[PDB]
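K.L.:
The structure under discussion is supplied below as structure tokens; questions concerning it will follow.
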Amino acid sequence: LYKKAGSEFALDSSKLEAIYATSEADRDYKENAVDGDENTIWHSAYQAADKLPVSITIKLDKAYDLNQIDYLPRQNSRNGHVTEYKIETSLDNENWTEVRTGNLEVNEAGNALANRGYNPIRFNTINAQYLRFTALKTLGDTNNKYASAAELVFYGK
Ligand SMILES: CC(=O)N[C@@H]1[C@@H](O)[C@@H](O)[C@@H](CO)O[C@H]1O
Ligand SMILES: [Ca+2]
């Protein structure tokens, strides 16, 4: 029911730009969520007053008909693994449509995502030049405080 990385629709990460994120920590910048690279992450701040939700806004080079993104969790650590999320889109970065909400399954222990590769998230084909991805629940040494993402893969025409 999903599509894999070899969909004719998989936008190239060169098409994407992270224009905004609630916060960023260390050297884990918003740009690392859409650089096509498993080995870089976006991580949000984890100071004392930092809590969820956090979100990141991806700008596309034109407006696309999107119907799926893949979420690639941080490969070396479960810190910031997103387990509940929200997806919104817009043409103008001011008026958002709420596309959907949802969860990703945890492993047996409950300490990391069950699927450590591309977790596909499909939705009904909507036209967009901006997508806001919002982490609602997350894992980490402290749960539900900070989020990370290794990649967001977009699909659309
Ligand atoms: C190298 C590394 O893992 N750094 C993490 C950091 O990204 C963040 O998750 C922080 C919050 O607890 O924990 C650190 O250990
Ligand atoms: Ca990356």
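Chain labels A, B, ... are given in the sequence in which chains occur in the structure tokens; within each chain residues are numbered consecutively from 1, and ligands are likewise numbered from 1 in the order shown.
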Just want the 9 Å neighbourhood of residue 122 (chain A), counted on only C-alpha atoms, with same-chain residues fewer than 3 positions away dropped. Output as a list in words.
P.N.:
residues 1, 2, 3, 66, 67, 68, 69, 70 and 125 of chain A
K.L.:
Could you take the residues named above and write them with N, CA and C atoms, as an mmCIF file, in the first residue's frame?
P.N.:
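Output below, filename result-v5.cif:
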```
data_model
loop_
_atom_site.group_PDB
_atom_site.id
_atom_site.type_symbol
_atom_site.label_atom_id
_atom_site.label_comp_id
_atom_site.auth_asym_id
_atom_site.auth_seq_id
_atom_site.Cartn_x
_atom_site.Cartn_y
_atom_site.Cartn_z
ATOM 1 N N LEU A 1 0.829 -1.205 0.000
ATOM 2 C CA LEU A 1 0.000 0.000 0.000
ATOM 3 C C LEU A 1 0.863 1.254 0.000
ATOM 4 N N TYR A 2 2.076 1.134 0.530
ATOM 5 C CA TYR A 2 3.033 2.238 0.501
ATOM 6 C C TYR A 2 3.820 2.270 -0.809
ATOM 7 N N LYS A 3 4.762 3.201 -0.918
ATOM 8 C CA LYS A 3 5.795 3.109 -1.948
ATOM 9 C C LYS A 3 7.167 3.021 -1.282
ATOM 10 N N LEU A 66 1.816 15.912 -3.400
ATOM 11 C CA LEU A 66 2.388 14.911 -2.512
ATOM 12 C C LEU A 66 1.364 13.864 -2.045
ATOM 13 N N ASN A 67 1.801 12.612 -1.892
ATOM 14 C CA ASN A 67 0.963 11.607 -1.230
ATOM 15 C C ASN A 67 1.735 10.671 -0.304
ATOM 16 N N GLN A 68 2.955 11.050 0.062
ATOM 17 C CA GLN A 68 3.743 10.259 0.997
ATOM 18 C C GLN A 68 5.045 10.921 1.338
ATOM 19 N N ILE A 69 5.444 10.800 2.597
ATOM 20 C CA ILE A 69 6.824 11.060 2.978
ATOM 21 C C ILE A 69 7.317 9.865 3.778
ATOM 22 N N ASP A 70 8.621 9.604 3.730
ATOM 23 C CA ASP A 70 9.230 8.601 4.595
ATOM 24 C C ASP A 70 10.020 9.279 5.695
ATOM 25 N N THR A 125 -3.544 12.519 -1.898
ATOM 26 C CA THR A 125 -2.775 13.425 -2.747
ATOM 27 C C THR A 125 -3.186 14.897 -2.591
#
```
K.L.:
Step by step, measure atom-to-atom distances between ligand 2 and each residue using only C-alpha atoms and all ligand atoms, keep those at most 6 Å, then write them as a list in words.
P.N.:
residues 32, 33, 34, 35, 36, 37, 38, 39, 40, 41, 150 and 151 of chain A
K.L.:
Could the residues in this selection be written to a file with C-alpha atoms, as a PDB file, in the first residue's frame?
P.N.:
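Result file selection.pdb:
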```
ATOM      1  CA  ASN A  32      20.037  17.701   7.861  1.00  0.00           C
ATOM      2  CA  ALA A  33      16.472  16.362   7.668  1.00  0.00           C
ATOM      3  CA  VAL A  34      16.404  16.716   3.861  1.00  0.00           C
ATOM      4  CA  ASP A  35      20.015  16.433   2.654  1.00  0.00           C
ATOM      5  CA  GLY A  36      19.529  12.874   1.423  1.00  0.00           C
ATOM      6  CA  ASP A  37      21.966  11.614   4.045  1.00  0.00           C
ATOM      7  CA  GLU A  38      21.309   8.886   6.659  1.00  0.00           C
ATOM      8  CA  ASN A  39      24.334  10.027   8.653  1.00  0.00           C
ATOM      9  CA  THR A  40      23.156  13.540   9.411  1.00  0.00           C
ATOM     10  CA  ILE A  41      20.243  14.462  11.632  1.00  0.00           C
ATOM     11  CA  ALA A 150      17.709  11.589   9.850  1.00  0.00           C
ATOM     12  CA  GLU A 151      15.689  12.021   6.663  1.00  0.00           C
TER      13      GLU A 151
END
```
K.L.:
Per DSSP on the backbone, what are the strand (DSSP E) residues of region 34-89 of chain A, as a list in words?
P.N.:
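In region 34-89 of chain A, DSSP puts these residues in strand (DSSP E): residues 42, 43, 54, 55, 56, 57, 58, 59, 60, 61, 62, 63, 64, 65, 66, 67, 68, 69, 70, 71, 72, 82, 83, 84, 85, 86, 87, 88 and 89 of chain A.
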K.L.:
Work out how far apart CA of residue 79 (chain A) and CA of residue 93 (chain A) are and give it in Å to one decimal.
P.N.:
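Computing the Euclidean distance for CA of residue 79 (chain A) and CA of residue 93 (chain A) yields 28.9 Å.
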K.L.:
Any idea what the distance is between CA of residue 45 (chain A) and CA of residue 87 (chain A)?
P.N.:
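CA of residue 87 (chain A) lies 20.7 Å from CA of residue 45 (chain A).
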K.L.:
Between A:65, A:5, A:102, A:23, which one has atoms that come closest to residue 49 (chain A), using only C-alpha atoms?
P.N.:
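Selected residue with least distance to residue 49 (chain A): A:23.
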K.L.:
Enumerate, in order of chain and increasing residue number, the residues of chain A with an atom no farther than 12 Å from ligand 1, each with its shortest atom pair and distance in Å to one decimal, counting only C-alpha atoms and all ligand atoms, as a tab-separated table.
P.N.:
```
residue	atom	partner	partner_atom_place_in_ligand_line	distance
A:24	CA	ligand 1	7 (O)	10.0
A:25	CA	ligand 1	7 (O)	7.3
A:26	CA	ligand 1	7 (O)	7.2
A:27	CA	ligand 1	7 (O)	8.9
A:28	CA	ligand 1	7 (O)	7.6
A:29	CA	ligand 1	7 (O)	11.1
A:40	CA	ligand 1	7 (O)	11.1
A:41	CA	ligand 1	7 (O)	8.9
A:42	CA	ligand 1	7 (O)	9.0
A:43	CA	ligand 1	7 (O)	6.3
A:44	CA	ligand 1	8 (C)	8.3
A:45	CA	ligand 1	8 (C)	8.0
A:46	CA	ligand 1	11 (C)	5.7
A:47	CA	ligand 1	11 (C)	8.4
A:48	CA	ligand 1	11 (C)	10.5
A:50	CA	ligand 1	11 (C)	10.7
A:51	CA	ligand 1	11 (C)	11.6
A:74	CA	ligand 1	7 (O)	9.6
A:75	CA	ligand 1	3 (O)	10.6
A:76	CA	ligand 1	3 (O)	7.8
A:77	CA	ligand 1	3 (O)	6.4
A:78	CA	ligand 1	9 (O)	8.2
A:79	CA	ligand 1	9 (O)	4.7
A:80	CA	ligand 1	9 (O)	6.3
A:81	CA	ligand 1	9 (O)	9.6
A:138	CA	ligand 1	9 (O)	11.2
A:139	CA	ligand 1	9 (O)	9.7
A:140	CA	ligand 1	9 (O)	6.8
A:141	CA	ligand 1	12 (O)	5.8
A:142	CA	ligand 1	12 (O)	6.7
A:143	CA	ligand 1	12 (O)	9.4
A:144	CA	ligand 1	11 (C)	11.1
A:145	CA	ligand 1	11 (C)	8.7
A:146	CA	ligand 1	11 (C)	7.4
A:147	CA	ligand 1	9 (O)	8.2
A:148	CA	ligand 1	7 (O)	8.1
A:149	CA	ligand 1	7 (O)	10.9
A:150	CA	ligand 1	7 (O)	11.7
```
K.L.:
Grab the CA of residue 63 (chain A) to CA of residue 20 (chain A) distance for me, in Å with one decimal place.
P.N.:
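Computed distance, CA of residue 63 (chain A) to CA of residue 20 (chain A), equals 17.6 Å.
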K.L.:
Might you pull out every residue within 12 Å of residue 60 (chain A), with only C-alpha atoms counted and same-chain residues fewer than 4 positions away left off, and present them as an mmCIF file with C-alpha atoms, in the first residue's frame?
P.N.:
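Written out: selection_24.cif:
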```cif
data_model
loop_
_atom_site.group_PDB
_atom_site.id
_atom_site.type_symbol
_atom_site.label_atom_id
_atom_site.label_comp_id
_atom_site.auth_asym_id
_atom_site.auth_seq_id
_atom_site.Cartn_x
_atom_site.Cartn_y
_atom_site.Cartn_z
ATOM 1 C CA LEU A 11 11.596 13.722 -5.124
ATOM 2 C CA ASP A 12 15.320 14.259 -4.998
ATOM 3 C CA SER A 13 16.575 15.884 -1.812
ATOM 4 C CA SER A 14 18.011 18.626 -4.001
ATOM 5 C CA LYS A 15 14.383 19.668 -4.446
ATOM 6 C CA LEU A 16 13.964 20.283 -0.713
ATOM 7 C CA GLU A 17 14.958 23.026 1.720
ATOM 8 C CA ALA A 18 14.405 23.201 5.475
ATOM 9 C CA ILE A 19 13.262 26.760 6.004
ATOM 10 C CA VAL A 34 16.404 16.716 3.861
ATOM 11 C CA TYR A 64 4.014 19.246 -5.871
ATOM 12 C CA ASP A 65 1.162 16.800 -5.550
ATOM 13 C CA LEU A 66 2.388 14.911 -2.512
ATOM 14 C CA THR A 89 0.879 21.349 3.926
ATOM 15 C CA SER A 90 0.523 24.735 2.281
ATOM 16 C CA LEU A 91 1.063 26.604 -0.964
ATOM 17 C CA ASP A 92 2.080 29.812 0.755
ATOM 18 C CA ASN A 93 3.589 28.911 4.148
ATOM 19 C CA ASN A 127 -0.839 19.926 -3.675
ATOM 20 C CA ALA A 128 1.864 21.738 -1.684
ATOM 21 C CA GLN A 129 5.103 23.742 -1.786
ATOM 22 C CA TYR A 130 5.529 23.519 2.008
ATOM 23 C CA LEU A 131 5.224 20.675 4.492
ATOM 24 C CA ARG A 132 5.311 21.059 8.247
ATOM 25 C CA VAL A 153 11.786 11.602 1.785
ATOM 26 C CA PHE A 154 9.006 13.265 -0.288
ATOM 27 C CA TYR A 155 6.928 11.667 -3.062
ATOM 28 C CA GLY A 156 4.902 13.682 -5.589
ATOM 29 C CA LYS A 157 4.411 14.834 -9.170
#
```
K.L.:
Could you tell me which of A:6, A:85, A:22, A:73 comes closest to residue 121 (chain A) if we count only C-alpha atoms?
P.N.:
A:85
K.L.:
Between A:98, A:71, A:21, A:135, which one has atoms that come closest to residue 117 (chain A), using only C-alpha atoms?
P.N.:
A:71
K.L.:
Excluding residue 84 (chain A) and residues on its chain fewer than 3 positions from it, collect all residues at most 6 Å away from it, counting only C-alpha atoms, and give them as a ChimeraX atom specification.
P.N.:
/A:102-103,136-137
